[PDB]
Structure formats: structure tokens, C-alpha cells
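Shown next, in C-alpha cells, is the structure this report addresses.
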Ligand SMILES: [Mg+2]
Ligand SMILES: [Zn+2]
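Protein chains in written order, with UniProt numbering: chain A, 423 to 767, 830 to 837; chain B, 1175 to 1177, 1184 to 1286; chain C, 275 to 296, 312 to 327; chain D, 401 to 451; chain E, 113 to 168.
In C-alpha cells form, the structure reads like this:
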């Protein structure tokens, strides 16, 4: 995007990532890297060791801190100090975090300059409209019994894999797929992502996925009609451009964070067809009723409410019964799943061998 | 009695040494034994008789690894011949290379 | 060509020496089509 | 003793391995290759008597 | 010549005074190159290539 929008020649632009670490030899140039590639102190590669000296030796003129909501974290702020720059800028959609370090940005890069409304841009055609919803899926009795006795650490996995969520997701996916909508399913738990993906036979991406494979998956999901839905995880929570994505679903969450909810929603806010008449994006949040998810759900969506988004409670999904088949529809499958999830917790002697 | 051996290979290599040959050059079984034991640091276990014995013999056994090799049994004796030949040629018991003999003169 | 050029006549040819002869999620083995470029 | 073939013998002579296995014939006997006429005829005769 | 002055090894070879030993040095280096190298890396840095008289 950098090259597309400006007239900078590719020769003067250098990329500093894990694949390639070469640095520009020009008098003036641009370096695009990640904080983890510059905040490391103990150990660095020989190729990276020269790059670290290359960054430190020169006196830069401007530093752009993309996603500046993580610069006040433990150590990414070191790049701001180690890297010499006469001006510092911060870019983040959500200027909030659980701790009080958010205020540290004032003396790190300066105060907040400008802010923009969300609903104002929605009505002006700049961004798409979202029909936010929250589905309350009552956990089945058999699983709920283990929920009471089980410890907090294991409790999370129990109500995230309840059979009701599987059936609701299948009906929504089929209904939305029939409508020609691109669906993204977020899940912080890797095990749930794999189980959902393999059960539904859909691609999934998470931490272990390599850069090459995921890039091919993302390109296929954008332009390939056969692949209309994917299964992303916390890795794709933010900073990945999906101009084609329109629908968004989430099954798991990272407790009470109010930024992840907004960051995840951003995947469908840059949809290409955000100006055609009557278009409204969808954001479904599957939460198990009568569980701690409501405490986190009501606490992790407070930021979006302030912006202007309103979540709609959906107690019933019409037409769910008429669907031909649903996962874990019989008690036998539910019992099998219950135990499955529960069980989760001398150089010449060289010829000898 | 004075003293791993469970997996020691049943095959044995026996070397007989001449006292008249070993007293021409001042050597003891201690230095030659450790020289063999240090050539292969701990691969093979060896025992040497004392000088007081009527005949000087060193018994050597190669210990197989934890994994059992069935294909090596056919060449097990062949491997012993291989090490036996090397143990005679490329072993520098003591001295400097390329020095075949030395004579004292006045 | 060099001799003709020395004479000043246009050489309708050139010396031939100047002719410069110039994986995770493996449950979708074959569904993925390679959309590498656009 | 079920001699080998010219192609097999030539391959073994070449540097396919440091030395021929001591029990190469035994290993190939189990596989069924490199049999004898007596064994070759007996199995065929038995294959007919069975029907 | 297959190898020009842009190569550090050649610079040493071209510095030999006597023709006989100098000739031997050049042959040992040039005989192993199987391409004219119309473009050769610049001596200042290996990033950009400096054009050299060649045919490829
Ligand atoms: Mg961004
Ligand atoms: Zn040439």
C-alpha cells in the first residue's frame, strides 16, 4: 500500500522482517519493521546485529508507531528511546488498555491530536454499517454440570465447545453462505479452531501457520468463490487487510479486553461494497448463557458501545430446526464430546549407530 | 570382583603381548591400556593382566548401544576385524610420528 | 565494417562481436487454488 | 542352492555396498525371489492338485 | 578479459611485476569463469551492478 499511494521509488524502500534483513545503503530511506525486531536486547542474529547497529548509529528524522496501543507495553518503548528521532507519532483505533500505562503515551510521543467519530463516517458512506448481535446459547445440562464443579482454568474450554454453539454456527454459516457473504470466524483457542475447522472442513489460520501458507489462504478467500469462509484466530485479530470480508463471527475471546472486540470488528469495516444501497455488515457474538462469559462479554464490548455500535440480543434463530443436520444433535455424540474435551486435561564405530 | 556389561557384545578380541618385546621399550600395561581407552574414550571396555602373570593378555569387548541392531550381527565379526586392523596400525602408543627407530650412541 | 567505416561509407552491417546474445491445516490438500497474483 | 541371476550378480559386484551381506541368500529366500526349479515346479504342481 | 579490475583477487594478480608469474596468476583465475559477465557488481558495495563491456 505504501508504494501504491505515494510516488516513492521501490529502490529507496526497504523491508525488515524475518525473511529478509538487508538495510538500505542510501543516504535517506525508509525502514518498515516490527517492534519485536528492534526491542530485543539479549540475543540477536549476526545479520540482525548489524541491522540493530545500523538503526542505532543513524539519526532518523521520523518514527511511525503503528498500532501505538502496544508501545506503552513492557519493552516495545525501548525502540522509541534507542532509535533517535526528532518527532514521534502514534496510530491506534483504541486508546485503552487494562492497566494505567495508556496515559504513558502522553510523555512518550505526546498528547492526542485528532479523533474521528464512527457513526458519522458510517452515514457518509466512508465505512459500512454493522448489524451487531449477541446470541445467547444456553449451555446443555450435561456440560453445565461439569461447569459448576470444574476449576476456573479448565472452565473456559468447557463452555466454548458446547454443542449448542456448533449447531448455531452451522445454521448461520449455511444461511449466510446462501446469501453470498464472506464469513470470518475468530477463536482465540487454537484447539477449538482446529476442531471447528476439521469438523466443518474449512481452512484455519493461527500461530503455527506459516507466513507462506496463510498468505495463499488469504488470497484464495478473497477472490476464490469456492472458499467463502475461513477460520481466523487471535493472530488475524488486527492489522490484516480484508477488503472483501463482510460478515464476522466469534466463538472464543481473550477475557475482558475491550480493544480486541473493536480490532476484530475492524476486519469487516473496510469492506469494498460498503456503499451499495441497503448493505449492512453483520457481527455475531456467541456467548454461553448463565456463565462468566456474560461478565466478560458485557465488559469486553463497552468500548464499541461508546463509539456508537449497539449489540442486539438474539434469543432465537428462526429456521434452525428445519436445517437437515446439526452437529451433536443426538445425546450419544454429546456424551462422546463430553469425555473427549474432559480428557484434554570412535570414527570407525560410527557404523554401529 | 574388584569392580553397562549387560549389553556387552558376546564376541571377544584377545591380544597376546611378548614380555621380551615390551621390556625393550620401558612400558607398562597401565599406559597402553589407557592409551587404548582414550583412543575410544568409553566405547569399548578392556581388561589387562598384570606383569606378574605368566602370559600377558588384554581382553576387549565392544558394548552395543541401547538400540539393538540385527543387521550388524552378520558383520559383527567383520567389524571386530576392522577395529583389530586399525588398532594395530593407526594407534600411536607413544612417541612421535615418522620415527621408526632410535639408537643411542656415545 | 571497420574498413568501410574508415572509408566513410555507410556500413550496412556490424561486427558480430557486438551482437550481445541475451505446512499446517493440511485437511484441504487440493481445494486451494494458487491465486498468487490478483 | 538357488543361484542368482547375471544382472543381480553384476549389481552386487559393483560398489552397491561395502560387502555382500553374509546372509543375503537367506533374506532373498524369504522374499520368494531366486528360487529353484524343484521349488518352482512343486508349487505349480500343488496349485493344480488343489483344484 | 573475463575478469576485470573490479575483482579483489585480480587486483593482486595485476600487481605482479614479472610477466611469467603474472600470466600464470591470470590464467588460474580466468580459466574457471564460464560467462562473460556483461554486468558486474560495483566495488563500492555488492548491492548495485556496474556495467562492464561484455556479451553474456
Ligand atoms: Mg493498521
Ligand atoms: Zn564476451
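Virtual Cβ for every residue (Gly too), placed ideally from N, Cα, C.
task = Return the chain-ordered ranges of every beta strand (DSSP E) run that is complete within the UniProt domain "Helicase C-terminal" (589-743) of chain A and spans a minimum of 3 residues.
result = Uninterrupted beta strand (DSSP E) stretches at least 3 residues long and entirely within the UniProt domain "Helicase C-terminal" (589-743) of chain A occur at 605-608, 651-654, 669-672, 703-711, 734-736, given in chain order.
message = Does the distance between the C-beta of residue 489 of chain A and the nearest non-hydrogen atom of ligand 1 fall short of 7 Å?
response = Translated into positions along the first chain, residue 489 of chain A becomes position 67. For ligand 1, at least one heavy atom lies less than 7 Å from the Cβ of residue 489 of chain A.
inquiry  = Buried or exposed for residue 595 of chain A, going by 16 or more other Cβ atoms inside 10 Å?
reply    = Stepping through the first chain from its first residue, residue 595 of chain A is reached at position 173. Within 10 angstroms of the beta-carbon of residue 595 of chain A lie 16 or more other beta-carbons, which makes it buried.
request  = Note down the Cα distance separating residue 544 of chain A from residue 519 of chain A, rounded to an integer number of angstroms.
outcome  = The residue labelled residue 544 of chain A in the question sits at position 122 within the first chain. The residue labelled residue 519 of chain A in the question sits at position 97 within the first chain. Taking the straight line joining both Cα atoms gives about 25 Å.
Residue 151 of chain E, DSSP secondary structure in three states = On the fifth chain, position 39 is the one that residue 151 of chain E refers to. Strand.
query = What is the C-beta distance between residue 511 of chain A and residue 487 of chain A, in whole angstroms, given that I count them as a contact (C-beta under 8 Å)?
reply = Locating residue 511 of chain A in the first chain gives position 89, where the first residue counts as 1. Locating residue 487 of chain A in the first chain gives position 65, where the first residue counts as 1. The Cβ separation is near 6 Å, so the contact holds.
Nearest to residue 526 of chain D (by Cα), restricted to the options B:1281, B:1251, B:1268 = This structure cannot speak to residue 526 of chain D, because chain D is shown only from 401 to 451.
message = So, at 6 Å on beta carbons, what are the nonlocal neighbours of residue 1228 of chain B in its own chain, with the 5 sequence-adjacent residues on each side left out?
response = Along the second chain, read from residue 1 onward, the residue named residue 1228 of chain B stands at position 48. Correct list, in chain order: 1209, 1213, 1238.
key: Three-state class that DSSP yields for residue 1228 of chain B in the structure shown   = Mapped onto the second chain, residue 1228 of chain B falls at position 48. If DSSP states are grouped into helix, strand and coil, residue 1228 of chain B belongs with the strands.
ask   = Applying a beta-carbon distance threshold of less than 8 Å, which residues of chain C neighbour residue 631 of chain A?
value = Within the first chain, the letter at position 209 stands for residue 631 of chain A. 313, 314, listed in chain order.
key: Interface residues of the segment 408-430 of chain D facing chain B [CB-CB below 8 Å]   = For the segment 408-430 of chain D, the set of residues with a beta-carbon nearer than 8 Å to any beta-carbon of chain B comprises 419, 421, 422, 423, in chain order.
request  = Tell me, to the nearest whole angstrom, how far the beta carbon of residue 1236 of chain B is from that of residue 1197 of chain B; I am working on the premise that it is less than 8 Å.
outcome  = Against the second chain, residue 1236 of chain B aligns to sequence position 56. Against the second chain, residue 1197 of chain B aligns to sequence position 17. Confirmed, about 5 Å.
message = If you reduce the DSSP assignment to three classes, tell me which class residue 473 of chain A lands in.
response = For the purposes of this step, residue 473 of chain A is taken as residue 51 along the first chain, with counting starting at 1. Three-state DSSP puts residue 473 of chain A in a helix.
task = Verify whether the separation of the beta carbon atoms of residue 710 of chain A and residue 610 of chain A is less than 8 Å.
result = In the first chain, the residue the question calls residue 710 of chain A occupies position 288. In the first chain, the residue the question calls residue 610 of chain A occupies position 188. No, the Cβ-Cβ distance between residue 710 of chain A and residue 610 of chain A is not below 8 Å.
request  = Inspect the beta-carbon positions of residue 593 of chain A and residue 745 of chain A and report whether they are closer than 8 Å.
outcome  = The residue you call residue 593 of chain A lines up with position 171 of the first chain. The residue you call residue 745 of chain A lines up with position 323 of the first chain. Closer than 8 Å, so yes.
task = Would you please state the rounded distance, in angstroms, between the beta carbons of residue 701 of chain A and residue 550 of chain A? I believe it to be under 8 Å.
result = The residue given as residue 701 of chain A occupies position 279 in the first chain. The residue given as residue 550 of chain A occupies position 128 in the first chain. Yes, they are in contact, since the Cβ atoms of residue 701 of chain A and residue 550 of chain A sit about 6 Å apart, within 8 Å.
inquiry  = Taking beta-carbon pairs under 8 Å, can you tell me which members of the segment 316-327 of chain C lie near chain G?
reply    = No chain G is part of this structure, whose protein chains are labelled A, B, C, D and E.
message = Would residue 608 of chain A and residue 686 of chain A qualify as a contact pair, given that the criterion is a beta-carbon distance under 8 Å?
response = Counted from its first residue, the first chain places residue 608 of chain A at position 186. Counted from its first residue, the first chain places residue 686 of chain A at position 264. Yes; because the gap between Cβ atoms is below 8 Å, this pair is in contact.
ask   = Based on Cα-Cα distance, which residue from A:615, A:603, A:492, A:725 lies nearest to residue 587 of chain A?
value = For the purposes of this step, residue 587 of chain A is taken as the residue at position 165 of the first chain. Ranking A:615, A:603, A:492, A:725 by Cα distance to residue 587 of chain A puts A:615 first.
request  = Give a yes or no on whether the minimum CB-CB distance between residue 142 of chain E and chain C is below 8 Å.
outcome  = If you number the fifth chain from 1, residue 142 of chain E lands on position 30. With 8 Å as the cut-off, residue 142 of chain E does not count as an interface residue toward chain C.
Residues that residue 558 of chain A bridges to, as DSSP identifies them = On the first chain, position 136 is the one that residue 558 of chain A refers to. According to DSSP, which records beta bridges pairwise, residue 558 of chain A is partnered with A:709.
message = For a quick check, are the C-beta atoms of residue 142 of chain E and residue 121 of chain E less than 8 Å apart?
response = As a first step, residue 142 of chain E is located in the fifth chain; it is residue number 30 there, counting from the start. As a first step, residue 121 of chain E is located in the fifth chain; it is residue number 9 there, counting from the start. Not a contact, by the Cβ cut-off of 8 Å.
ask   = Quick one, which of A:612, A:462, A:603 has its alpha-carbon nearest residue 668 of chain A's?
value = Here residue 668 of chain A refers to the residue found at position 246 of the first chain. The candidate whose alpha carbon is nearest that of residue 668 of chain A is A:603.
message = Give the residues whose C-beta lies closer than 6 Å to at least one heavy atom of ligand 2, in chain order.
response = Going by the Cβ distance cut-off, the answer is E:148, E:166, E:167.
ask   = Would a check of beta-carbon distances place residue 1269 of chain B closer than 8 Å to chain D?
value = Taking the first residue of the second chain as position 1, residue 1269 of chain B is located at position 89. So, not an interface residue.
message = Please tell me whether residue 1254 of chain B has its Cβ less than 8 Å away from any Cβ of chain D.
response = One-based indexing of the second chain puts residue 1254 of chain B at position 74. Judged by the 8 Å Cβ criterion, residue 1254 of chain B is in contact with chain D.
query = Just checking, does the segment 710-722 of chain A make contact with the segment 689-699 of chain A on the three C-beta pairs under 8 Å criterion?
reply = Between the segment 710-722 of chain A and the segment 689-699 of chain A, the count of Cβ pairs shorter than 8 Å is below three; the stretches do not touch.
query = Would the beta-carbon of residue 455 of chain A be found less than 7 Å away from any heavy atom of ligand 1?
reply = What you label residue 455 of chain A is simply residue 33 of the first chain in a count that begins at 1. No - ligand 1 has no heavy atom lying nearer than 7 Å to the Cβ of residue 455 of chain A.
inquiry  = Which residue marks the beginning of the alpha helix (DSSP H) containing residue 1212 of chain B, and which one marks its end?
reply    = As a first step, residue 1212 of chain B is located in the second chain; it is residue number 32 there, counting from the start. Taken as a continuous stretch (DSSP letters only), the alpha helix (DSSP H) holding residue 1212 of chain B covers 1209-1219.
Residue 623 of chain A versus residue 739 of chain A: straight-line alpha-carbon distance, rounded = Here residue 623 of chain A refers to the residue found at position 201 when the first chain is read from its first residue. Here residue 739 of chain A refers to the residue found at position 317 when the first chain is read from its first residue. Distance from the CA atom of residue 623 of chain A to the CA atom of residue 739 of chain A, rounded to whole angstroms, is 23 Å.
ask   = Short check: CB of residue 483 of chain A to CB of residue 507 of chain A, under 8 Å?
value = Walking along the first chain from the start, residue 483 of chain A turns up at place 61. Walking along the first chain from the start, residue 507 of chain A turns up at place 85. Yes, these two residues count as a Cβ contact at 8 Å.
query = Among the residues of its own chain, which have a CB less than 8 Å from the CB of residue 1245 of chain B, if the five just before and after it don't count?
reply = Locating residue 1245 of chain B in the second chain gives position 65, counting from the first residue. Here the set comprises 1187.
request  = Run down chain E in chain order and give the residues with a C-beta less than 7 Å from the C-beta of residue 296 of chain C.
outcome  = Looking up residue 296 of chain C in the third chain gives position 22. Within chain E, the residues near residue 296 of chain C are 168.
key: Residue from A:457, A:491, A:521 with nearest C-alpha to residue 500 of chain A   = Counted from its first residue, the first chain places residue 500 of chain A at position 78. Closest by alpha carbon: A:457.
ask   = Is any heavy atom of ligand 1 found at a distance shorter than 7 Å from the C-beta of residue 661 of chain A?
value = By 1-based counting over the first chain, the position of residue 661 of chain A is 239. Answer for residue 661 of chain A: yes, Cβ within range of ligand 1.
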